[PDB]
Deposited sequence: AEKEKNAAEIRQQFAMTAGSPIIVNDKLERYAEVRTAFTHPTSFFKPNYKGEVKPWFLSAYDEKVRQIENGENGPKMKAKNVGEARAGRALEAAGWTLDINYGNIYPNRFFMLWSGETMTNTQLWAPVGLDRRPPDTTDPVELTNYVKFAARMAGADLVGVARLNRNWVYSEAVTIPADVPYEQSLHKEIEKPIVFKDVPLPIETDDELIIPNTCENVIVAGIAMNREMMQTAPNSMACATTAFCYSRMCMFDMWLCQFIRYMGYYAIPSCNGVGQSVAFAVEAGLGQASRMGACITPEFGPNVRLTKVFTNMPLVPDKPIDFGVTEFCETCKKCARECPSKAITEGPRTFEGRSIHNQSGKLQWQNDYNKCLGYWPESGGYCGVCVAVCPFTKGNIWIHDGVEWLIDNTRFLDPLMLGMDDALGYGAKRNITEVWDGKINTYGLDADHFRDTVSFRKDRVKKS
């Protein structure tokens, strides 16, 4: 089992793998099921219509009171039910409003100037000193090393494709306090202009034309916990990884700034992570819609940082995911809301929530979100059942690597765990030396 060998073997020639037509336009973030007016409101189990996450809260409370870890899933006792939800809620500590999407707010600042760390370090002047390194080869090695220090299990670099950057972001006015944020979300254009630094005006989020590159990180979720989907421990590994995303973005942006460049964090905001991840060679797009990686399958979170730092783009990877998803359809059969299509890929979105103009499996994401208040979590059954999520799907026939075609919650709490939920049985797969960084 050698991940470096595997990635080398399945490396493509250069060029975005995403097939597009002339109808493709940048996508307004408000259109996602989380935020759009058509999908935002959902009934709770009492028949009261609320913001989807508030109705999901009502189900978490009902489950705790009834000693359940998920829908129709009895916990060992009320204590266990409570612990799962306590772990879930805690995981989100370093995340704003489920995904950190508002750009240049809270943790996602587009400049480091006001950060306590930057202020403390100001006399050294690292963020003001011109770069001492402009060589993209050395920079790629440096920033990838920093990325691993910052908590990425996978890291890749692509040229920034503006097609995947949201046309308009969901955000809040800059002087609105957190307690009012959910009630004062607004739309705001993201535009590219000839300016020296990322800047936000009253009217626009402005990314410089010099913002050449995107650095994409994979943040691995815990297999045992995700396999409890749609129950509470799947929610907990999801949540902890969002806080890991946030710390990754801040750490890496600060490193890049202290190297003499600018850096834009994003977590779930600014653009479509799956498209960037595919273009940066982390994995391939799949039927369920996720980026499937050789190391973790789809059981990995994504975040990304945009920068003018000169870098060497990674090659896209083709290890046969498209052909496997063609015949598999297991996520689609197991999906509790029938959100995932069993049909062929097309360029035409199923609803407002899809971006038309790119060849993909088109899924109904309102159907997906509808299951979240019903189950009181973030589901994840598709991730859990995907063959690529299983530990070792990789075999070697003596010449090369190939996919092996052949492929409760109390026990999780009482079972194997390790730091950040990583697994020492597999952790060697993400070891890195210079040769695999650049």
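Missing from the model, relative to the deposited sequence, are the stretches 1-4, 412-430, 462-464.
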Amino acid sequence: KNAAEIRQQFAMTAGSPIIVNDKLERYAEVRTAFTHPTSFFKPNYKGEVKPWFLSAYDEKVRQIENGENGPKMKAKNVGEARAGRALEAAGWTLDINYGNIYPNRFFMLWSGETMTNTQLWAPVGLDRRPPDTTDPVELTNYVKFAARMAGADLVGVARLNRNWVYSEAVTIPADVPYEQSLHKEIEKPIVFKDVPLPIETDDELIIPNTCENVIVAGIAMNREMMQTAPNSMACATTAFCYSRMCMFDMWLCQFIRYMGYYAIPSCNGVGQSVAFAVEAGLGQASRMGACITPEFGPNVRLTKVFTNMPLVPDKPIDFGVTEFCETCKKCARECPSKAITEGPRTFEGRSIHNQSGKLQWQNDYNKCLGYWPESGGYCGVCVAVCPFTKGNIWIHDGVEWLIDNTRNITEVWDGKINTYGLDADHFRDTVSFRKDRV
From here on, numbers count along this sequence of modelled residues.
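Per the records, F40 is modelled in every other compared entry, just as the shown structure includes it, so no third of them leave it out. In the record comparison, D404 is unmodelled in at least a third of the other entries of this protein that model the residues flanking it. Here 385-393 and 30-38 are compared by their mean Cα B-factor, and 385-393 comes out higher. Averaged over Cα atoms, the B-factor as recorded in the entry is higher for 328-336 than for the other of 328-336 and 219-227. The entry lists C-alpha B-factors for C379, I409, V399, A56, and the highest of these is at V399. Going by the entry's values, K72 shows the largest Cα B-factor out of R85, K144, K72, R159. Per-chain ranking of the deposited C-alpha B factor places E185 in the middle third. Among all modelled residues in its chain, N308 ranks in the middle third by Cα B-factor. Placement of the Cα temperature factor of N268 within the chain: lowest third of the modelled residues, per the deposited record. Among the modelled residues of its chain, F255 has a C-alpha B-factor that falls in the lowest third according to the deposited record. Among all modelled residues in its chain, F319 ranks in the highest third by Cα B-factor.
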